[PDB]
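Worksheet: one structure, shown below.
Protein chains in written order, with the UniProt record's numbering: chain L, 309 to 324; chain U, 311 to 331; chain X, 309 to 324; chain W, 311 to 331; chain A, 309 to 324; chain Y, 1 to 52; chain C, 1 to 250; chain F, 202 to 250; chain H, 2 to 134; chain S, 2 to 134.
Okay, here's the thing in structure tokens:
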């Protein structure tokens with residue numbers, strides 16, 4: 309589907 | 311797969327893993 | 309017919 | 311010819327030598 | 309008729 | 001690291017190390033059988049960008 | 001665009017290259033036996049049709065500065081300094097022959113002489129000194145070794161340091177900091193430089209770096225001003241293009 | 202060793218150089234952001250008529 | 002596809018956007034010490050070339066590939082770094098900061114020029130439809 | 002072919018661009034010591050003339066040629082420099098940095114002015130196209 313748009317998604321995150 | 315063209319199959323999901331594995 | 313469009317083709321280089 | 315006009319032949323290759331032979 | 313535009317024609321020069 | 005903020009940082013660190021050596025030599029004046037230290041520096045690999 | 005931006009951009013990047021060379025020279029202001037690198041801008045004119053209006057700029061390192069540096073008096077019989085225009089010979093990293101000015105000669109446990117970890121080259125291949133012996137170096141490079149316990153009458157020569165004569169125009173700094181003969185100079189003087197009997201070394205003095213501070217300061221000031229100038233043009237061209245793009249409208 | 206105390210090992214030269222680099226790196230990122238924002242406006246105007 | 006000038010200017014817009022993206026990526030990672038594989042970040046560059054396959058000399062712009070620069074990487078002395086080699090040297094990106102800034106500005110300017118071209122071509126095609134009322 | 006004011010303003014834009022390029026070249030290599038053949042970098046200037054065609058002292062500007070300043074080159078003292086003469090003096094460019102900055106600003110504003118003239122004339126003739134509605 310989709311998730312948080314903008315800053316939170318286009319930022320590297322730990323794998324999970 | 312020329313960019314900007316139309317293909318029957320969907321694009322594979324991209325991934326950006328911070329470490330190697 | 310072409311190459312790198314910018315810094316890497318507008319700087320002097322030794323010949324090949 | 312004058313700059314900006316039309317010619318019948320290509321311009322010569324452009325090269326900038328760092329040190330002349 | 310004309311000459312160098314700008315710097316070389318806008319400074320006091322010796323007669324010649 | 002613009003290759004000029006790193007090169008000068010390296011020099012600053014080298015001078016600080018030399019000052020530390022000098023301060024150690026001066027602090028140990030009154031000790032018995034103390035051999036003075038001397039700092040030796042060498043330039044690292046020079047990078048070649050274009051051949052002559 | 002108007003490629004005038006690609007001229008000022010090159011002038012701004014080569015200025016950063018010059019600053020990186022100058023900062024490298026300044027970092028080595030205390031390196032024993034260091035030869036400062038010379039930096040110079042050179043203009044290359046782009047050849048082709050029409051008004052030859054574009055002339056780019058590219059930095060350049062025309063060799064190094066061979067002016068002898070300071071001589072610090074360290075009361076050590078192994079630290080030697082060379083006469084001006086002179087060079088010590090060591091074995092390079094890849095088993096070759098290289099030249100240097102660092103006289104910080106060290107003695108290993110096995111007895112081999114080294115400079116910065118490179119073996120020292122004596123009249124006949126690397127120099128091996130009797131293990132754990134006092135070393136005195138003469139004015140012409142002769143090495144006297146005194147074995148501890150034995151009387152000072154035992155002092156006898158062992159080997160002679162190879163001292164060569166080379167000007168700035170003949171030598172080129174290799175990537176590891178060791179100078180080597182240039183191609184033209186090597187073709188005329190041979191592969192290996194013969195020892196000059198006229199060279200004189202001084203024992204107990206160590207040569208410092210010849211990095212001139214006033215020239216460095218002036219160079220940094222000039223580089224900063226030039227970079228700011230080129231940046232002005234880089235801004236002029238940008239606005240001019242921004243406005244010129246309007247003609248494409250209607 | 203008894204009778205001495207070990208302090209911190211923060212290097213001031215490294216920290217100052219890093220702060221200068223950080224400031225002069227941000228400014229560039231802010232310039233690129235402004236450039237992209239200015240670019241998008243035209244592209245948006247392209248959708249008229 | 003995109004008529005004619007439409008296709009040409011759209012190709013130009015896409016290519017210049019890719020070039021500006023490469024420049025921004027280079028500017029962001031000018032101080033990166035490592036990547037996921039432990040390799041240093043090498044400056045990326047796009048390759049521009051024309052696309053006029055059906056018997057033409059002029060057809061617009063397309064990006065053939067993205068290539069990593071071969072300019073020697075910057076060696077910094079750091080013996081405590083896990084990525085240091087046998088001599089204690091760590092490889093760092095060969096990004097030219099001034100070059101990437103100028104690339105950003107030039108890409109923006111030519112992108113804007115192509116926007117103005119496409120808008121004008123649309124206008125002209127809009128008026129054409131009113132030929133003879 | 003370009004018609005009237007379009008030709009005039011195009012010639013003016015091209016010549017102002019040439020003037021700015023020459024100014025940028027002079028300002029970039031204001032400290033260059035040698036050229037490719039060992040000769041010093043002498044400052045370059047543009048020469049402006051009136052297109053005129055044959056009988057019309059009313060035309061745009063055209064850059065007749067790029068001249069090289071014959072003002073004596075600055076002399077610095079460097080006996081170790083290979084390029085020094087028998088007296089030990091090295092020739093250095095005669096660039097006046099303030100003059101080059103002012104010339105760049107002047108070429109910029111004149112370029113902008115001619116762009117505005119071209120835009121106004123284009124709008125005027127586009128509106129002329131609808132004479133009589």
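All C-beta atoms, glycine included, are put in the ideal place defined by N, C-alpha and C.
Three CB pairs or more closer than 8 Å across the region 88-95 of chain C and the region 152-169 of chain C: They touch, by the three-pair rule.
Nonlocal neighbours in the same chain, by C-beta distance under 6 Å from residue 173/C, ignoring five residues either side: Close CB contacts of residue 173/C within its chain, under the 6 Å cut and outside five residues either way in sequence, are with 64 and 179 (chain order).
Selection of the region 146-160 of chain C by Cβ proximity to chain Y, strictly under 9 Å: Cβ contacts with chain Y: none found.
Contact between the region 65-80 of chain S and the region 55-64 of chain C (3+ Cβ pairs under 8 Å): Not touching, per the Cβ criterion.
Residues that residue 313/A contacts on chain S, provided the C-beta gap is smaller than 7 Å: Those are 20, 47 and 49, listed as they occur along chain S.
Between the CA atoms of residue 19/C and residue 224/C - distance to the nearest angstrom: Cα to Cα, the separation comes out at about 9 Å.
Pick from 64/H, 96/H and 60/H that is closest to residue 34/H, judged by C-alpha positions: When each option's Cα is compared against that of residue 34/H, the closest is 96/H.
Cβ pair residue 42/S, residue 182/C closer than 9 Å: Result no, Cβ atoms of residue 42/S and residue 182/C do not sit closer than 9 Å.
Cβ pair residue 9/Y, residue 228/F closer than 9 Å: Judged by beta-carbon spacing, residue 228/F lies beyond the 9 Å limit of residue 9/Y, meaning their Cβ atoms are not closer than that value.
Cut-off 7 Å between Cβ atoms - residues of its own chain near residue 102/C, not counting five sequence neighbours on either side: Excluding residues within five positions, the ones whose Cβ falls inside 7 Å are 32, 33, 115 and 116.
Inter-residue spacing [alpha-carbon to alpha-carbon] between residue 31/H and residue 40/C: Cα to Cα, residue 31/H sits roughly 26 Å from residue 40/C.
Residues that residue 68/S contacts on chain A, provided the C-beta gap is smaller than 8 Å: The contacting residues are 312.
Environment of residue 94/H [buried if 16+ CB atoms lie within 10 Å]: Per the 10 Å Cβ criterion, buried.
Whether residue 15/C touches residue 233/C by CB criterion (9 Å): The answer is no: Cβ separation not under 9 Å.
Any C-beta of chain F under 9 Å from that of residue 32/H: At least one chain F Cβ lies under 9 Å of residue 32/H.
Nearest residue (CA-CA) to residue 24/C, options 51/Y, 52/Y and 46/Y: Of the candidates 51/Y, 52/Y and 46/Y, the one whose C-alpha sits nearest the C-alpha of residue 24/C is 46/Y.
Beta carbon proximity, residue 97/S to chain A, threshold 9 Å: For residue 97/S, the closest Cβ of chain A is nearer than 9 Å.
Any C-beta of chain F under 9 Å from that of residue 4/H: Not an interface residue.
Closest Cα partner of residue 3/C within the set 82/H, 103/H and 132/H: When only C-alpha atoms are compared, the closest one is 103/H.
Alpha-carbon spacing of residue 313/U relative to residue 320/L, whole angstroms: Rounded to whole angstroms, residue 313/U to residue 320/L spans 26 Å at the Cα level.
Closer than 9 Å to chain C by CB, residue 106/H: Yes, because at least one Cβ of chain C sits closer than 9 Å to the Cβ of residue 106/H.
Residue environment, residue 5/C, which counts as buried when at least 16 other CB atoms sit within 10 Å: Residue 5/C is classed as buried because its beta carbon has at least 16 other beta carbons within 10 Å across all chains shown.
Segments of 3+ residues assigned as beta strand (DSSP E) that fall wholly inside the region 64-139 of chain C: Counting only runs that start and end inside the region 64-139 of chain C, the beta strand (DSSP E) elements of at least 3 residues fall at 71-73, 80-82, 86-91, 97-100, 105-107, 113-115 and 134-137.
Residue 60/S versus residue 51/S - alpha carbon distance: For residue 60/S and residue 51/S, the distance between alpha carbons rounds to 6 Å.
Residue 246/F classed as buried or exposed, judged by whether at least 16 other C-beta atoms fall within 10 angstroms: By the neighbour-count definition (other C-beta atoms within 10 Å, threshold 16), residue 246/F is an exposed residue.
Partners in chain U for residue 37/H, counting only beta-carbon separations shorter than 8 Å: Ordered by position in chain U, the residues that pass the 8 Å Cβ test against residue 37/H are 327, 328, 329 and 330.
Residues sharing a beta bridge with residue 174/C, DSSP: In DSSP, residue 174/C forms no bridge with anything.
CA-to-CA distance, residue 5/H to residue 22/S, given in whole angstroms: Computed Cα separation, rounded: 34 Å.
Under 7 Å from the C-beta of residue 21/Y: neighbouring residues of chain C: Close to residue 21/Y, with beta-carbon spacing below 7 Å, lies no residue of chain C; the smallest spacing is near 11 Å.
Within the region 171-221 of chain C, ranges of the beta strand (DSSP E) (whole runs, at least 3 residues): Taking only runs of at least 3 residues, the beta strand (DSSP E) segments lying wholly in the region 171-221 of chain C are 171-173, 179-181, 201-203 and 205-207.
Start and end residues, alpha helix (DSSP H) containing residue 160/C: No alpha helix (DSSP H) contains residue 160/C, which is instead part of the beta strand (DSSP E) from 156-160.
Nearest residue (CA-CA) to residue 260/C, options 25/S, 62/S and 122/S: Residue 260/C lies beyond the residue range present for chain C, which begins at 1 and ends at 250; the question has no answer from this structure.
Own chain residues within Cβ distance below 7 Å of residue 99/H, not counting five before or after: Same-chain partners within the cutoff: there are none.
6 Å CB neighbourhood of residue 315/W in its chain, flanking five on each side removed: Close CB contacts of residue 315/W within its chain, under the 6 Å cut and outside five residues either way in sequence, are absent.
Any 3 or more C-beta pairs closer than 8 Å across the region 12-28 of chain Y and the region 116-129 of chain H: The answer is no - the region 116-129 of chain H does not touch the region 12-28 of chain Y, with fewer than three Cβ pairs under 8 Å.
Status (buried if at least 16 other CB within 10 Å, exposed otherwise) for residue 329/U: Per the 10 Å Cβ criterion, exposed.
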